[PDB]
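K.L.:
PDB entry and its sequence, pasted below:
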Number of protein chains: 6
Amino acid sequence: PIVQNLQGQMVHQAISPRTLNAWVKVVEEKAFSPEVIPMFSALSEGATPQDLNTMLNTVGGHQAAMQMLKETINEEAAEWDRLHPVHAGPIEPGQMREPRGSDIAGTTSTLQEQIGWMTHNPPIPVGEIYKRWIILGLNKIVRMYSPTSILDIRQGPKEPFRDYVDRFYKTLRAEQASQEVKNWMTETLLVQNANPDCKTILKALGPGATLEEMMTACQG
Amino acid sequence: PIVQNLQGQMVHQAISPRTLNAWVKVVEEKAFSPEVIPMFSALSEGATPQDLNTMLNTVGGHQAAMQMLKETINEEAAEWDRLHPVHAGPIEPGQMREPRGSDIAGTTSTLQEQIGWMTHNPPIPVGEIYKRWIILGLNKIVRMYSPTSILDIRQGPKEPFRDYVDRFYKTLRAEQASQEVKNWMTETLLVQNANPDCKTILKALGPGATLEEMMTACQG
Amino acid sequence: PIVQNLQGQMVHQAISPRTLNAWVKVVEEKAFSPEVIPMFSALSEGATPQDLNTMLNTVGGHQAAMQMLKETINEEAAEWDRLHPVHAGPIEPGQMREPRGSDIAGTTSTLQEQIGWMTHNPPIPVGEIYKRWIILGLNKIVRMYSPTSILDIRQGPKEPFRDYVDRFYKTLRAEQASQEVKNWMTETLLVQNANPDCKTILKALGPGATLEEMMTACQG
Amino acid sequence: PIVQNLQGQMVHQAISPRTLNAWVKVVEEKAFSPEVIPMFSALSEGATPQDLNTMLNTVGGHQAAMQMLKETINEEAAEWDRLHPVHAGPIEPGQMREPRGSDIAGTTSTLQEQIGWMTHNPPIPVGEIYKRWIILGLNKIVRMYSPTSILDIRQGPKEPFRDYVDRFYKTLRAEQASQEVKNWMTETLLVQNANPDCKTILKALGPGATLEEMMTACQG
Amino acid sequence: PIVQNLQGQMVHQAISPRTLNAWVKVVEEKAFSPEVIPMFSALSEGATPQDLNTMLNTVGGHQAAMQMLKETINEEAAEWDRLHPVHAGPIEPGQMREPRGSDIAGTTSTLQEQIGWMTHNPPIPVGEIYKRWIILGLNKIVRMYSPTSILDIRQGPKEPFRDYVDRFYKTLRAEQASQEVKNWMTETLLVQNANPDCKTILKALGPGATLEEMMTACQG
Amino acid sequence: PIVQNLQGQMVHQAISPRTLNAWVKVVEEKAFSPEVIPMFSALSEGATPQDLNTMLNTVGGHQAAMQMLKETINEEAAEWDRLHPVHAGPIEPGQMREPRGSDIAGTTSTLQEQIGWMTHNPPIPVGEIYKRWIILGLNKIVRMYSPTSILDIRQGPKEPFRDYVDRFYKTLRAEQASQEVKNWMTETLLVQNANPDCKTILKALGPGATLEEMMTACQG
C-alpha cells in the first residue's frame, strides 16, 4: 500500500503476505455475507490500483462477484469520462496526464503512473476512487446475495426474541439501500411480523419504544 | 488512530490489521461478556470517529447490540445539541465550526474535520467522547445480556467456595452500576444466600471481616 | 531480497523464514490454481536469482510440473543468447561482464555477481526478468493442469446464476490468454450456454448489458 | 508501556495486542499457579498505571482474585498516605503534585499525570510500584488457591523420585514465603517424608548431600 | 548467522527462533523427502559451524540420518587433512591458524575462531563447506530411506497420467545422482514402463517429444 | 537478553514473550528428552542471570527438576569461591566488585550489577557461566532421565533395521558422558545386540564399517 515515512513523504510498500492470506481466508469462510464489506476496506486501507487488483484476483469461489467489481469500474468509467473529459496536450515536468476510464480500470495504467497519483500536491485519491466503486460493487452484492427477504422473516410459536431480531437485522444489515429506507422496513415489519400475544406487548409499549426496551419488555 | 510523532505533533496512522482481526475475534468468542468494555477501550485507544465506526461495522454476529449503541448515540447526540448550541457565523483561518449531534454521530463529519478535532490548542477530545457513549451503550448491553439474576445465585449442597464466588459476582459484575450499589447488594445477599452450616461460620466472622477470612475459614 | 536502506543504496537481506513457509504452504493447499500466479510475484517482490531458485526447490509435489518451468526457462534463456550476444573483452573496475542464458539460469552465476546486477547505475532488472519467465511457465502449468474447458461449462436446470459465473470465469482465468481472447469467449459462450427461459431474459437485455445488470435481471 | 526512543527520551507506546491476547490466554490456561507471577511482571515490563489496570480488567472471570487484589492494593495504598504525606502548595512549571493512595490506585490520576511520573529527572518509578503490590496481592491468591500442603506430600510405595521432587516443590512454590522459610521446610519434610528403604539411603548420604546427589543415590 | 551490517562489515547475529522452530517442524512433517535438501540450505543460509551443529541437535527421530551427517563429515574431514596439511608455526597479529578435520567438525573450534573464518580478506567460506558435506550426507539418507525403486514404478490398468509421472519421478528425486544418470533412467523406464495402448501413443510421438507433448497425446 | 546496538555498545532488551511461551511449551511437549539441551541454549542465547532465572521458574512438568540446577549452581559456587577468592577493598569508578558464589546464583546480585557484567572491557561472560552450569545439569538430567539402558536394547525377531537403531542410538543420545565413552558402547552392543541372521552379515562387513554401509547390504 502507500504509508507515510519518517520524512513525511508518501512511499509505497510491498503488499504484506499476512493480508493476502486473510484476504482469501475471509472469502473462504464468510463467502459473501454482510461482514465482508468492512473487511474489504480495512485490509485494503491505502491499497493501490494493482494492490486492489491483486486482492480481486485472490477470492475462492464467486467469480461472477469477483469480476462484478471489475465490470462496476467499467460501467462507472463511462460517467468518469462523461464528467471528466481528459484534455489533449503535452504533460508538464512535475505534472501527470489526466486519468480516464481505462486508466482507472488498471489495464492501461503502470504502477509508476499510479504511484504519483496518490503522491501529488494536492494528491488525487485514485486509490480511494476504486475503493468506493469496489465497496459499492460489494455493497450491492451483499443485499443481492441475501437468500432471505424482509417480508419472509416471521416470529415462530416457541422461539426466543434474541434470535428473532438476530435474523430480523441479519437480512436488514444485508439488504443495504438508504438509512431512512432501512428504518421504513423496521416500522412496518419489525412489530408487524410478531406473535399473537407478543404483538400487543410491543403495541402497548408505543412507537417511541427503544429496541432494548422492547427486548426487556418481551424478556422470557 | 492518533499517536504523537517525533516532532511532538499529533499525526494520524492507518488502523493496524492486528487490531481489526482481534476486534472481531474477541466478539466472535466472548460475544458480550463483562470484560468487553475494557477491550473496547484498550485496542481503540486514540481511535478517531471513523476508526470506532469501522470497528462497530465489523462485529462477528450479535447485530442486535451494535445498532443499539447507535440509538443511544443519537439519544446522547440530542443532549449535546441541548447543552452546546452551535452558534452561526463564519469559521476562522485557524479555527473550526462547532460540532453537534450529527457531527459526533459520524454521518455529517469528514475524516479531515475530525483530524483537526483531536489536533487543536487546546484539542477538544471528541475521540474519547464517542468511547464514553460506546462504553455506556455497551455497559447496558452487558447487564442485559447477563442470563442470571443476583437474587437467583445460591450456594449448592456440595459445591466448592472457589466456584461459589465465581458465579456469585458473575451477574453482579455483569450488571454494571454504581460502586456503592454493588456493595449494597453484596452486603445483604452472599451472606444471606449461603449454606446451613456455612452461614453461621461467615456470621461468626463478623460484618467487618474481609473476604480472605471468609474464604480461609470455609476452606475445604 | 533487495530492499533500499536509509542511505538510499540497494542492500541485500536474508530471505525471511515466514515467506519460505508460506511459499510451500500456498503450493500445499492451492497446488496449481489461477490464484497462485499473483502470489508467485507478491512474496517474491525484489527476490534475487537464488531467492527465486530456492522458492522453486520447495514446491511440494508436482514432480512433472516443477521441471516444466525449467524446460520453458531454458527455451527462453536461449532467446537472450540470440538477442543479446555477450561481446568478448576485459571487465572494467566499476562494470560487470554481460549476462547470457546460463548466467540468467542461475547455474553459472554467483550471488555476488547477481548482487551488483540489481545495484547498478542504471541497474539491469535481472531479478524481475526471471519472474516474467517463471510466471509465463506457471501460466502453461495452470492451463495444462486445467480439468475444465470453456466449451463444457453449461447452466444447470436448477442451479443459481451466482455459481454459474463463478465456474464460467474460473476456467476462463485458468486458461491464461490475451484479454481480447477472453472477451471473445465471453460473447459466444456466456449468453450462448444458458437455460431455455434464462437465455431469452439475457437476450432481451441486449449485448450492451453489464454483468451486474444480467445478474440482477436473473435474480432469483 | 514506556520505552526509550532514539532521542534518549522516555516516550509512551500503545499497548500491543500480542501481549493483551497472551495476558488473558495465560490466565485462561494457568489460571492462578506459581508460574503466573513471573509472567505478570514480564509482559507488563514498563507498563503504566492504566496498562496494569487494563490487564486486570481484561481478566475474563476469576473475580475472587480480582476483588482480593483491590482489597490488598487499597490496604497497601493507605501505607503511602501514612509514609508520604503530600504537602499542600502550588505546582511548579516543570514539576508535578505529590501522589497519594487514590493517585497510585488509578481512579484519581489521568494518563498524562502518570506519563510525566516515569519521565522525570529523577523519574519516580510509579509503574514498578504497582507491580510489587500486584505481584504481592497475587502471591497470597496463589497461596489461597493451593490445594496441597507441604505436610501432605509423602513418597508413594511404587512412585519415581523425579515425581516426588516435582510435587515436593509444586506446593513449595505455591506457598510464597522467605527463601530461608522454604529451606526450613526442605530440611524437616524433604528427607523426613520418604519411604522405609528410601529414607536410610538419603539418611546415609548426610545433610550436606546436594539435591542431584540424592537423586543419583536413589536412581532406579 | 553472518549478515553484512551498515558499515559493510560481516557481523554475527543470534540464531532467530522462527528458523529453529521451522527446522524441527520441517523434520517433524516432511521427515526425509526430496524437498528437505533445499530446506536444509535455505534456512541455514550463512549459518556458522555451531549454527548448523545446533540445527543437527534438534532433529526429532531419524536416528541414522542425524548421526550419518557426523559420520560423513568425519570421513570428509580426513580428505581435508590429506589435501590441506596445516603447517606448524606461530600465528600472525592479523592472521589465524590453518583449520583441519577436527576444527571443521566443530569439536576443537571456538565460536570466535569460526567468527573470523567467514570475516577475513579474503574470507575462507568454512560455513558453506559444512553445508556441502551436510547436504551430501543427507543425500544418501534420502536414497537409504527410499522405499521405492525406479524399476518398480509401473503404470496401472486404470490410473491417470498425472500420477504416472508422479510415481516415476517420486523415486527419481529420492535416488540423488548425476543429472545425466537421471536422464538415462528417463529414457529406458519412462516410456518403457507404460501400458499396452499407452506405449504405442508415446512410441508414435518419437524420442524428441517433450514432457508436456507426452501428456497432451495421452490427455484423458 | 544482551544484543549489540547500532553504536557497537552492548544494551539490554526486555525478554520477548514468544520465547517465554515456547520456553514452557517445549517443556510441556518434549518434557525432558535429549532434544531439550539445544533448545535451552538457543532461546537463552545471550540471556542474563534474571533472564535465565525467569525461564528456570516457568517449567511445566517435573517441578523440582529445576531445584537440582539451582543446587548445582550453589555446588559449583563453592569451587568458584575456592578458585576465585573475592579480595576485600573499595570498588573503582569504572570497575565492579569481584563476583562470588551467591552473586553467580542470582539471589544477592541486582540487574544493574549483572548489566555491567556482560558489558565491560574485557566483559567477563557472567551470562555464559550460569548458562554452562544450567546446560551442565540439564545435560546430566537427559542421561539421568533415560528410562532404557544400553544393555537392554535388543533387536526384535520381526522388526526393521531402521527400528533396530531407532531405540539403539535413542538411549545413546540420552546417556551422555564422553565422545570416546559413547563410541565404546557402540562397539560392544551395536553389533553385539543384533539378530541371528543379522549378526552374521553385521560381522561380514568389518569392524571399521560406517553406519550407512551397515544398512546398504543389510537393506531388506
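P.N.:
Arrived safely, thanks for sending. Numbering: from 1, shown residues only, chains lettered A, B, ... in the order given.
K.L.:
need the longest helix for chain A.
P.N.:
helix A:63-83 (DSSP state H).
K.L.:
and stretch A:163-176, is it in reach of chain B?
P.N.:
Yes. On the criterion CB under 8 Å from any CB of the partner chain, stretch A:163-176 is in touch with chain B at A:165, A:166, A:169, A:170, A:173. C-beta here means a position set from N, CA and C on the backbone, and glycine is covered the same way.
K.L.:
among the residues you listed, which ones are buried?
P.N.:
A:165, A:169, A:170, A:173 (16 or more other CB atoms under 10 Å in any protein chain shown).
K.L.:
what does the domain assignment say about chain A?
P.N.:
According to automatic domain parsing, chain A is divided into the following domains: A:2-144, A:161-217.
K.L.:
distance between the longest one and the chain's centre?
P.N.:
Domain A:2-144 has its average C-alpha position 13 Å from the chain's average C-alpha position, going by CA atoms, centre = their mean, to the nearest Å.
K.L.:
hmm, that domain in reach of chain D?
P.N.:
No. Domain A:2-144 stays clear of chain D (CB under 8 Å from any CB), getting no nearer than 10.2 Å.
K.L.:
and the residue lying farthest from the centre of chain A, which helix or strand is it part of?
P.N.:
Largest separation from the mean C-alpha position in chain A: residue A:197, at 39.0 Å (CA atoms, centre = their mean). Per DSSP states H and E: residue A:197 is located in helix A:196-205.
K.L.:
tell me the helices and strands packed up against that helix.
P.N.:
In terms of contacts (3 or more CB pairs under 8 Å, 6 or more residues apart in numbering or on different chains; DSSP states H and E), helix A:196-205 is packed against helix A:211-217.
K.L.:
can I get the CA coordinates of the helix it packs on in CSV?
P.N.:
Taking Å, rounded to 0.1, in the frame of the first residue of the first chain, the C-alpha atoms of helix A:211-217 are listed here in CSV:
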residue,chain,number,x,y,z
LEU,A,211,-35.0,-1.7,20.8
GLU,A,212,-33.6,-2.6,24.3
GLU,A,213,-37.0,-1.5,25.9
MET,A,214,-38.9,-3.9,23.5
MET,A,215,-36.3,-6.7,24.2
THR,A,216,-36.6,-6.1,28.0
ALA,A,217,-40.5,-5.9,27.8
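K.L.:
kindly export the helix holding residue A:197 (C-alpha atoms) in PDB.
P.N.:
Output of helix A:196-205 as PDB, limited to C-alpha atoms (Å, rounded to 0.1, in the frame of the first residue of the first chain):
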ATOM      1  CA  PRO A 196     -50.400 -13.000  18.800                       C
ATOM      2  CA  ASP A 197     -49.500 -12.400  22.500                       C
ATOM      3  CA  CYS A 198     -46.200 -10.800  21.500                       C
ATOM      4  CA  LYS A 199     -47.600  -8.000  19.300                       C
ATOM      5  CA  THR A 200     -49.900  -6.500  21.900                       C
ATOM      6  CA  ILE A 201     -47.000  -6.200  24.400                       C
ATOM      7  CA  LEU A 202     -44.900  -4.300  21.800                       C
ATOM      8  CA  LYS A 203     -48.000  -2.400  20.600                       C
ATOM      9  CA  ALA A 204     -48.700  -1.300  24.300                       C
ATOM     10  CA  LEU A 205     -45.100  -0.100  24.600                       C
END
